[PDB]
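Quick notes on the structure that follows.
Values quoted throughout were computed directly from the atomic coordinates according to the rules given, and no laboratory measurement underlies them. All Cβ positions, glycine included, derive from the backbone under ideal geometry; neighbour counts span all protein chains shown.
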Protein chains: 2
Amino acid sequence: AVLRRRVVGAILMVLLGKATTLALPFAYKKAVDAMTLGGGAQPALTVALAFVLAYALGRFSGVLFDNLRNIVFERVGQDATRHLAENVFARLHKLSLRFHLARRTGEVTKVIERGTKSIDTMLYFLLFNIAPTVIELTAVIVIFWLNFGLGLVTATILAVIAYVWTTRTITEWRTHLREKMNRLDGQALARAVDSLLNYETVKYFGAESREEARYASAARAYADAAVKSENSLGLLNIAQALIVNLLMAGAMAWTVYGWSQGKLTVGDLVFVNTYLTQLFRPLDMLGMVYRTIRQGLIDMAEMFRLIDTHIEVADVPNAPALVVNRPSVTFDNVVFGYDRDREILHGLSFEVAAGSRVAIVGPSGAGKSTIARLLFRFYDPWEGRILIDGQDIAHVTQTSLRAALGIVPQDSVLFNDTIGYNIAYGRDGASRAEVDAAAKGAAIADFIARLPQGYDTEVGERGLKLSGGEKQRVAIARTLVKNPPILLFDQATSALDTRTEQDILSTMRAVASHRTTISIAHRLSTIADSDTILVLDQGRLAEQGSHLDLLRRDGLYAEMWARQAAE
Amino acid sequence: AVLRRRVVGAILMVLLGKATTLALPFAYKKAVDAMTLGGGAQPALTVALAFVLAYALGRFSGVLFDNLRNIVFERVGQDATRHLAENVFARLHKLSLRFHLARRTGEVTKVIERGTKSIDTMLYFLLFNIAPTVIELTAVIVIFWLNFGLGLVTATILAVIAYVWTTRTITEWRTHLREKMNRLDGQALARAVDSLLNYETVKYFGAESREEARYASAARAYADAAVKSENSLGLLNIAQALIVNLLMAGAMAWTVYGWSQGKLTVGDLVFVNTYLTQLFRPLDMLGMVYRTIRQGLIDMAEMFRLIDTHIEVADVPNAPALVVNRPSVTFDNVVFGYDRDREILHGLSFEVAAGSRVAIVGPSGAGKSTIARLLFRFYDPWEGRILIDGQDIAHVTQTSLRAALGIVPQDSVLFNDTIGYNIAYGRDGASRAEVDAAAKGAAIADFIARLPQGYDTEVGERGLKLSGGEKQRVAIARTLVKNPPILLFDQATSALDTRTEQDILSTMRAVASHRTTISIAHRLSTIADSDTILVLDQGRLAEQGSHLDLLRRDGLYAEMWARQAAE
Ligand SMILES: Nc1ncnc2c1ncn2[C@@H]1O[C@H](COP(=O)(O)OP(=O)(O)OP(=O)(O)O)[C@@H](O)[C@H]1O
Ligand SMILES: Nc1ncnc2c1ncn2[C@@H]1O[C@H](COP(=O)(O)OP(=O)(O)OP(=O)(O)O)[C@@H](O)[C@H]1O
């Protein structure tokens, strides 16, 4: 509502700058009163005073208006940037898991910040350089048609057309170097950020100099590309300057052609030269702003290509919610692979009973975390389907599905905040009672109590300032705070000692009264008291049954289990 | 290097630009002689043509010289930028682990980009706006001091002094808003990046809207700060423009006062106004050049201040190298805490014998990964010391120390590249034979062979496109490729099943026959066949000895072992 008023005032400030653009010809009137009635009279002094008022205030009136425009437009501009940024962030959290797994933080950060800065500059240039230069050029044309004639304006319009054509050709020739420079910079920053993510790895193998040289190669490649791009910019500027200066010469040469004095001996030449000076400004601004908006649209296209192309998992039209009356999982002939060149799950079918305690075991690489990810609908299966209480996961909203599921993941990450924030993250606005209950049920309560800052101790980036077992128990506390009707533990008790592991096992058994618990574990002794044990091998269900049943069948599970008994 | 020659040419271009600066007033003299003499009917036609030619050529040569300066300085600028970026990166990889653990990637990235963007334009402005304007001011003052009295020149210098006072006052008032805006933008970007790092966590607890609103709050805070900063910038610009335009008014008022035609010479007024315009063009830049170099140097000071913040672990002067004749490690009364408010290790002392296979066990939080980190000298101990073959770790170079150690870490991270790159990352220039041997000793050979892209399969960011056990085995392959004289496995077989765990254990036993192996493990069954077992409790050495000996002692180790036997 008020942004409209602000931009209206901005256009009015543009019109006041147009009043200054009028004031510059106004000195033509001074020049008219110079030769006809000059020395030996009163007007000889009138040239001075009226000049200062026209000049001193006039120039001051111009810039003062321009900056005022800025101060009345900044809120409109920043909001737009913010409105983009928030939207970008809102879309950034709606991208598929494949992207955020295969992403390169460096080049994607470059693309995001570049797109934001591009729209930030492009809105300003679109609102403050297109319309003002168009108005000024229209006024130039009408004033030279009412004061000079038809020939000069036609010569100037064809000169400007050749100028625009040359600019377009040079920009089409420069686009290649521009894109190459951008790609090289993105690759360099991606390499730098990925090296910094593996700081500990770089220290572990004495590979500081290797990474230094690796980044240096990309840096000098980008440097060469930028040299080429800026030299192309300089060439375009030299061409534009040649066009402008030859047009200036033609305009200053065709005025004295009729007579030595012309129609107006004093005033014609000053009108022409002032208009040439105030014409070099719109061409200098217009070429740069046209190519700037071109690059801004290409950066917006790049950014929005990265953003909007990522539509993997989506809700069906008018999708109902998940109604969890019985927390029962059903994999029906599930066929899935992450990439089409390697199938991972081959017709997997199993029924996790409602309110049961089912374990999922198998050798490394068998595809257990893929079962977890498919249950969460991070990916969709190729064939078959997944049911929760007889409801197809593919035909229900993602929010209601993921709300009914709580997972302690294989590789858990924490926010760079305090312990209490991460623990309370399970539910939106968790009370200290709930957070303390989860921290007590996760064998982490005494540890936090012995902490000097307690729930306010820092965990650092990804939670790496805590131990492995402490971080595991923090993730357990999060999933306890959430308390959904389907609990899933993907190697949850790996980083724990046997004592804390038995504590967490007693907890998991206590909170599984009428709720479903799916425990993926390689430490078989923890899942020995489960209702059913599903053994997975190369993406197929090898065996299924009780611990005693599978031990007696003497198949894959028994061997594995007996492989624990070897030591 | 050769860049010196380039900058010489750059200054030459600058002087050629000054050749244009002379030519614009120099032409006006030829126009002066049209009023009184030149009435042979020939010279009236010579003066005009020569003026037009001189003006067109002057302007075109000016822009041409400027662009040539740019094109001959671009290589020097890019070189400088690249060298700065490389230095920043090199120092970024030499900061302590405390920084990279407590760092916030967003605001640090903001600071880095700010410093780079500042230096890129700062060098250009320092070399092409400071020195040219200084030379122009010296020439203007020395030539105009013999033609004008004391009043005008002293008024101009006092006007410039008042200009400097106004600029300094407004900049000192704006520095606060600038720094606050910078801090808010850094915090907003840090929050956004930390939310994106926890993408999976945000998906696990349905907290998209929470993070969206959090970033939106930070964004609107930054928007308000930026609006304030830009309004302050506009106020400074209007003040500077007022000062400059009133000075031009005073210069165009005290010169026209003497006579209607000229105060002291025939061409006083036009010479004065031409030099005033050709000084106002560089002056309008100068009012932006002081704050640009000031804020660029102060942001450089901020960046390099943060970087130069004295690192934690450093080499002693003239530090010798580590000579591992017998890999026997000795923690002698090691007292350490990460923060001063919580001590972790309380007088820890233990002797890992040369060529033995020692295990480190204990409850979660006891401080075992702290033993590993102190052995790597990521931190220095408060009391006591650490010895490798009787040599103080604190008195030896960090590089030679970390070369003698190879670690499979608790939380392993891979580079966003192929599997083969990560495996070969161990040694500098590893042969494909060694990489295949490591992949065979890490139970991944058959897996990678069954991969369609084999060693060229992507692992994604942090290696999260591979499983947990696959990533563990890849890290084992790295540490095997490195082949150092002291191997340390911090919960290396956690993500593996018992079968692959026995494979990796057979590997660990095939290697390190007469080498030291320190295994930190919670899965006690794997370390039961060790030479000695160090039990750690709350940061102290509880017991030590053989599996049978500690089992006989019926202490902390036995209890833990018995806790596996619970049914
Ligand atoms: N981003 C990806 N691209 C391609 N394949 C993937 C990706 N993520 C997972 N996989 C597939 O998943 C399988 C390995 O992960 P899986 O889901 O088996 O984990 P897991 O068996 O739970 O891990 P572990 O038992 O090793 O701890 C392999 O078949 C692998 O191809
Ligand atoms: N930079 C730091 N600032 C504060 N505390 C830290 C820092 N780094 C580590 N710690 C603390 O050290 C402890 C972890 O040390 P360590 O990882 O050796 O435990 P652990 O017993 O070996 O782990 P686990 O046995 O659970 O794998 C935690 O209490 C953690 O808070």
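Only residues that are within 16 Å of ligand 2 (Cβ to nearest atom) and touching a strand residue (DSSP E or B) at 6+ places or on another chain (Cβ under 8 Å): list them for segment B:458-474, please.
Once the filter is applied, which keeps residues that are within 16 Å of ligand 2 (Cβ to nearest atom) and touching a strand residue (DSSP E or B) at 6+ places or on another chain (Cβ under 8 Å), segment B:458-474 yields only B:472.
Every residue, every condition in (1) more than 30 Å from the chain's Cα centre (by Cα); (2) of a type in the set (S, T, N, Q); (3) buried (at least 17 other Cβ atoms within 10 Å of the Cβ), yes or no:
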{"residue": "B:31", "(1), (2), (3)": "yes, no, no"}
{"residue": "B:37", "(1), (2), (3)": "yes, no, no"}
{"residue": "B:48", "(1), (2), (3)": "yes, no, yes"}
{"residue": "B:60", "(1), (2), (3)": "yes, no, yes"}
{"residue": "B:74", "(1), (2), (3)": "no, no, yes"}
{"residue": "B:81", "(1), (2), (3)": "no, yes, yes"}
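Could you say whether any residue in segment A:472-492 is farther than 30 Å from residue A:329 by Cα and more than 16 Å from ligand 1 (Cβ to nearest atom)?
Within segment A:472-492, the first condition is being farther than 30 Å from residue A:329 by Cα, and the residues that meet it are none.
For segment A:472-492, residues farther than 30 Å from residue A:329 by Cα and more than 16 Å from ligand 1 (Cβ to nearest atom): absent.
Among residues belonging to segment A:416-437 that are surrounded by fewer than 22 Cβ atoms within 10 Å (Cβ to Cβ) and outside any helix (DSSP H, G or I), point out the one that is nearest to the chain's Cα centre (by Cα).
The extreme case among them is A:417.
Any chance you could count how many residues in segment B:295-314 are surrounded by 16 or more Cβ atoms within 10 Å (Cβ to Cβ) and of a type outside the set (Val, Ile, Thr)?
Residues that pass the stated criteria total 6.
Can you name every residue in segment A:464-477 that is touching a helix residue (DSSP H, G or I) at 6+ places or on another chain (Cβ under 8 Å) and within 10 Å of chain B (Cβ to nearest Cβ)?
Scanning segment A:464-477 gives A:464, A:465, A:466, A:467, A:468, A:469, A:470, A:473.
Could you list all residues from segment B:539-558 that are of a type in the set (A, V, I, L, M) and touching an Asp or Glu at 6+ places or on another chain (Cβ under 7 Å)?
B:550, B:556
Give the number of residues within segment A:357-368 that are away from every other protein chain (no Cβ under 14 Å) and of a type in the set (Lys, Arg). Steps first, answer last, please.
Our first condition is that a residue be away from every other protein chain (no Cβ under 14 Å); within segment A:357-368, this holds for A:357-358.
With the extra rule that they be of a type in the set (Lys, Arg), the set shrinks to A:357.
Number of matching residues: 1.
Being surrounded by fewer than 18 Cβ atoms within 10 Å (Cβ to Cβ) and outside any helix (DSSP H, G or I) is the filter; apply it to segment B:231-254 and report the residue that is nearest to the other protein chains (Cβ to nearest Cβ).
Taking the candidates together, the pick is B:253.
For segment B:361-373, how many residues are in contact with a strand residue (DSSP E or B) (Cβ under 8 Å, 6 or more places away or on another chain) and near ligand 2 (Cβ under 8 Å from one of its atoms)?
Step one: of segment B:361-373, the residues in contact with a strand residue (DSSP E or B) (Cβ under 8 Å, 6 or more places away or on another chain) are B:361-363, B:366-372.
Next, from what is left, pick out any that are near ligand 2 (Cβ under 8 Å from one of its atoms): B:362-363, B:366-372.
Qualifying residue count, segment B:361-373: 9.
If the Cβ limit is 9 Å and pairs must be 6+ apart or interchain, which residue in segment A:128-145 that is in contact (Cβ under 8 Å) with a residue 24 or more places away in the chain and under 18 Å from residue A:161 (Cα atoms) pairs with which residue that is assigned to a helix (DSSP H, G or I) and small (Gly, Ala, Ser)?
As it stands, the answer is A:136/A:17, since those pairs meet every condition given.
For (1) closer than 26 Å to residue B:185 by Cβ; (2) acidic (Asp, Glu); (3) within 16 Å of ligand 2 (Cβ to nearest atom), each residue gets a yes or a no:
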| site | (1), (2), (3) |
| --- | --- |
| B:66 | no, yes, no |
| B:75 | no, no, no |
| B:82 | yes, no, no |
| B:92 | yes, no, no |
| B:97 | no, no, yes |
| B:104 | yes, no, yes |
| B:110 | yes, no, no |
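If you scan segment A:223-243, which residues turn out to be within 22 Å of residue A:279 (Cα to Cα) and without any contact (Cβ under 8 Å) to a residue 60 or more places away in the chain?
A:233, A:234, A:237, A:238, A:241, A:242 - these are the residues of segment A:223-243 that are within 22 Å of residue A:279 (Cα to Cα) and without any contact (Cβ under 8 Å) to a residue 60 or more places away in the chain.
Which pairs turn up if I take residues in segment B:455-470 that are near ligand 1 (Cβ under 8 Å from one of its atoms) and look for partners that are acidic (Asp, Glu) and part of a strand (DSSP E or B) with beta carbon separation below 8 Å, at least 6 apart in sequence or on another chain?
B:465/B:458
Just name the residue that is nearest to residue A:409 (Cα to Cα) out of those in segment B:183-214 that are facing another protein chain (nearest Cβ under 7 Å) and within 24 Å of the chain's Cα centre (by Cα).
Looking at the filtered set, the residue picked out is B:198.
Among what's in segment B:416-454 and is polar (S, T, N, Q) and closer than 30 Å to residue B:197 by Cα, pick the residue that is nearest to ligand 1 (Cβ to nearest atom).
Initially, segment B:416-454 is screened for residues polar (S, T, N, Q), giving B:416, B:418, B:422, B:431, B:453.
Then drop every residue that is not closer than 30 Å to residue B:197 by Cα, which leaves B:416, B:418, B:422, B:453.
Numbers: B:416: 12, B:418: 13, B:422: 15, B:453: 10 Å.
Checked segment B:416-454; the qualifying residue nearest to ligand 1 (Cβ to nearest atom) is B:453.
List the helices (runs of 4 or more DSSP H) that sit entirely inside segment A:40-159 and contain at least 1 residues that are under 28 Å from residue B:232 (Cβ atoms) and at the interface with another protein chain (Cβ under 7 Å from one of its Cβ atoms).
Output list reads A:58-92.
Look at residue B:90 and say whether it is touching a strand residue (DSSP E or B) at 6+ places or on another chain (Cβ under 9 Å) and surrounded by fewer than 17 Cβ atoms within 10 Å (Cβ to Cβ). Quick ask: steps written out before the conclusion?
Numbers: touching a strand residue (DSSP E or B) at 6+ places or on another chain (Cβ under 9 Å): no; surrounded by fewer than 17 Cβ atoms within 10 Å (Cβ to Cβ): yes.
Here the answer is no, as residue B:90 does not meet what is asked.
Counting only residues that are away from chain B (no Cβ under 11 Å), touching a residue at least 12 places away in the same chain (Cβ under 8 Å) and not small (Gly, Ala, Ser), how many does segment A:428-447 have?
2
Would a scan of segment A:307-325 turn up a residue that is in contact with a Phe, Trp or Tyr (Cβ under 8 Å, 6 or more places away or on another chain), within 11 Å of ligand 1 (Cβ to nearest atom) and not charged (D, E, K, R)?
no
Which residues, counting only those in segment A:492-506, are under 41 Å from the mean Cα position of the chain (by Cα) and over 10 Å from residue B:364 (Cβ atoms)?
If the condition is that a residue be under 41 Å from the mean Cα position of the chain (by Cα) and over 10 Å from residue B:364 (Cβ atoms), then A:492, A:493, A:494, A:504 are the ones that fit.
All but one of (1) assigned to a strand (DSSP E or B); (2) closer than 24 Å to residue B:470 by Cβ; (3) not polar (S, T, N, Q) hold for residue A:372; which doesn't?
For residue A:372, the exception is condition (1).
In segment B:296-355, what count of residues is obtained for those that are touching a strand residue (DSSP E or B) at 6+ places or on another chain (Cβ under 8 Å) and aliphatic (A, V, I, L, M)?
12
Would you point out which residue out of A:493, A:517, A:500, A:526 is β-branched (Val, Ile, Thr) and out of contact with any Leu (no Cβ under 9 Å at 6 or more places or on another chain)?
Result of the check over A:493, A:517, A:500, A:526: A:500.
Filter segment A:337-356 for residues that are in a loop (DSSP other than H, G, I, E, B), surrounded by fewer than 17 Cβ atoms within 10 Å (Cβ to Cβ) and more than 14 Å from chain B (Cβ to nearest Cβ); which is farthest from ligand 2 (Cβ to nearest atom)?
A:353
Within segment A:501-521, which residues are hydroxyl-bearing (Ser, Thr, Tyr) and closer than 17 Å to residue A:327 by Cβ? It would help to see each step written out before you state the result.
In the first step, residues of segment A:501-521 are kept if they are hydroxyl-bearing (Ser, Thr, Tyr); the result is A:506-507, A:513, A:516-517, A:519.
Listed by number, the residues that qualify are A:513, A:516, A:517, A:519.
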